[PDB]
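# Descriptive structure summary
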Number of protein chains: 4
Amino acid sequence: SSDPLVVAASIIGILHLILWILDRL
Amino acid sequence: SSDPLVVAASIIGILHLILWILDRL
Amino acid sequence: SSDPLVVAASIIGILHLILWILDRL
Amino acid sequence: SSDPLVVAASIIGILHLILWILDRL
Ligand SMILES: CCCCCCCC/C=C/CCCCCCCC(=O)OC[C@@H](O)CO
Ligand SMILES: CCCCCCCC/C=C/CCCCCCCC(=O)OC[C@@H](O)CO
Ligand SMILES: CCCCCCCC/C=C/CCCCCCCC(=O)OC[C@@H](O)CO
Ligand SMILES: CCCCCCCC/C=C/CCCCCCCC(=O)OC[C@@H](O)CO
Ligand SMILES: CCCCCCCC/C=C/CCCCCCCC(=O)OC[C@@H](O)CO
Ligand SMILES: CCCCCCCC/C=C/CCCCCCCC(=O)OC[C@@H](O)CO
Ligand SMILES: CCCCCCCC/C=C/CCCCCCCC(=O)OC[C@@H](O)CO
Ligand SMILES: CCCCCCCC/C=C/CCCCCCCC(=O)OC[C@@H](O)CO
Ligand SMILES: [Ca+2]
Ligand SMILES: [Cl-]
């Protein structure tokens, strides 16, 4: 388990990457 | 809970993203 | 130890960086 | 505490940001 803030950052970073890729596709 | 260094990195990454977005808005 | 989602994000971020560098080299 | 791989990713990400900023300064 992780600090909730670290969980939140991790979700944000993954979503960031997915959106960036979709934007380029 | 997380290593303090991981907490720090997570805060930095979120702030990074917020600043980048504000810069573009 | 970390939340599995944080582990996954960390692996993704490292791979992201490695691919970006290889792309530029 | 965190998974060592998460610690490593966090260090890499911070160093990444510091290098990127120094490169731009
Ligand atoms: C298109 C807009 C996209 C915006 C993405 C950037 C969003 C930035 C906002 C981040 C909010 C983080 C929410 C964080 C929510 C969890 C905070 C918490 O309760 O921490 C407690 C622990 O420390 C206890 O150990
Ligand atoms: C260019 C923008 C790219 C980012 C787009 C993101 C859009 C949606 C924003 C995502 C923020 C989701 C943060 C969600 C973070 C939830 C943290 C959590 O797990 O709650 C606490 C538990 O750990 C138990 O205490
Ligand atoms: C506009 C400038 C923006 C600069 C952003 C980049 C900043 C880079 C500096 C990072 C400082 C990280 C602070 C880290 C502070 C926590 C360190 C710690 O005590 O770790 C102990 C644990 O390992 C025990 O398990
Ligand atoms: C382009 C620059 C984008 C980044 C801008 C960032 C500006 C502000 C810098 C943020 C650094 C905040 C790091 C703060 C990290 C605090 C770590 C902590 O939580 O203390 C230890 C506890 O976990 C308990 O031991
Ligand atoms: C070239 C394409 C590259 C795509 C990279 C982006 C991929 C985005 C997808 C992310 C999938 C994340 C998998 C996450 C797998 C672990 C989820 C989990 O079981 O969490 C449980 C814990 O919360 C219990 O505490
Ligand atoms: C521009 C694309 C850059 C990203 C390319 C990534 C391509 C490959 C995708 C990587 C996703 C790997 C996620 C793998 C995450 C595994 C999480 C895990 O460790 O399982 C659970 C355990 O913690 C125990 O419960
Ligand atoms: C200028 C080049 C910059 C390259 C930056 C990218 C480097 C990519 C390489 C990453 C190596 C990660 C090292 C990771 C070292 C810790 C691995 C580990 O022992 O994990 C065990 C835990 O899972 C047990 O729970
Ligand atoms: C554009 C390149 C930007 C990245 C430049 C990075 C250059 C230096 C590379 C950094 C990799 C450092 C990874 C160091 C990761 C150490 C993980 C660790 O803490 O060991 C295990 C403990 O947690 C206890 O088991
Ligand atoms: Ca932990
Ligand atoms: Cl963690």
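Residues numbered from 1 in each chain as written, not as in the entry; some residues may be left out. Chains lettered and ligands numbered in written order. Heavy atoms only, no water.

Structure determination for this entry is recorded as X-ray crystallography, at 1.100 Å resolution.

Distances from the calcium ion (ligand 9) to its protein donors, namely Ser1 of chain A (O), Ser1 of chain B (O), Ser1 of chain C (O) and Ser1 of chain D (O), fall within the range 2.4 to 2.6 Å. A residue pair is termed interchain when its members come from two chains, as with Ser1 of chain A in the segment before α1 (4–24) and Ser1 of chain B in the segment before α1 (4–24). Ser1 of chain B matches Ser1 of chain A in its accessibility class, with the two residues each being exposed. (Donors = N, O, S within 2.8 Å, 3.2 Å for Na, K, Ca; no water. Helix = DSSP H or I, 4+ residues; strand = E, 2+ residues; numbered from the N terminus. Buried < 20%, exposed > 50% of the residue type's maximum accessible area, 1.4 Å probe, protein only.)

All right, on to the site of ligand 2 then. In the vicinity of ligand 2, the contacting residues are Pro4, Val7, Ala8, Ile11, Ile12, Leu15, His16 and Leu19 of chain A. Partitioning the shell around ligand 2 into residue classes produces seven nonpolar, one polar and no charged. (Near = heavy atom within 4 Å. Nonpolar A, V, L, I, M, F, W, Y, C, P; charged D, E, K, R; others polar.)

A separate point is the relation of the copies chain A and chain B. Mapping chain A onto chain B calls for a rotation angle of 90 degrees and an axial translation of 0.0 Å; the resulting RMSD is 0.0 Å. Such a combination of rotation and displacement between the chain copies is what one expects of a four-fold axis. For chain A, the smallest separation between a C-alpha atom and the rotation axis is recorded for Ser2 of chain A, amounting to 3.5 Å. (Least-squares fit on C-alpha atoms.)

Further remarks concern helix α1 (residues 4–24) of chain C. Because the α-helix completes a turn every 3.6 residues, residues three or four places apart line up on one side. The end-to-end C-alpha distance of α1 of chain C, which contains 21 residues, comes to 30 Å, matching closely the 30 Å that a straight helix rising 1.5 Å per residue would cover. Contact partners of the buried residues in α1 of chain C: α1 of chain A together with α1 (4–24) of chain D. Two or three places before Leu5 of chain C, at the opening of α1 of chain C, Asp3 of chain C has a side-chain oxygen 2.9 Å from that residue's backbone nitrogen. (Expected span 1.5 Å × (residues − 1). Contact = heavy atoms within 4.5 Å. Polar contact = N/O pair within 3.5 Å; in protein donor to acceptor, adjacent residues only side chain to side chain.)

Take the nonpolar core next. Membership of the largest hydrophobic core is limited to eight residues, which are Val6 and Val7 of chain A, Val6 and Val7 of chain B, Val6 and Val7 of chain C together with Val6 and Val7 of chain D. Counting residues per element, the ones that place at least two in this core are α1 of chain A, α1 of chain B, α1 of chain C together with α1 of chain D. Discounting chain neighbours no more than four positions away, the residues touching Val7 of chain D are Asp3 and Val6 of chain B together with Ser2 of chain D. (Core = buried A, V, L, I, M, F, W, Y, C linked by side-chain atoms within 4.5 Å.)

Turning next to the interface of chain A and chain B. Each partner contributes to the interface: chain A provides eight residues, whereas chain B provides eight residues. Across the contact surface, chain A and chain B share zero salt bridges. On the surface where chain A and chain B come into contact, there are one residue pair in polar contact. Residues belonging to the side of chain A that touches chain B are distributed by class as follows: four nonpolar, three polar and one charged. (Salt bridge = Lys/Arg side-chain N within 4 Å of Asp/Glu carboxyl O.)

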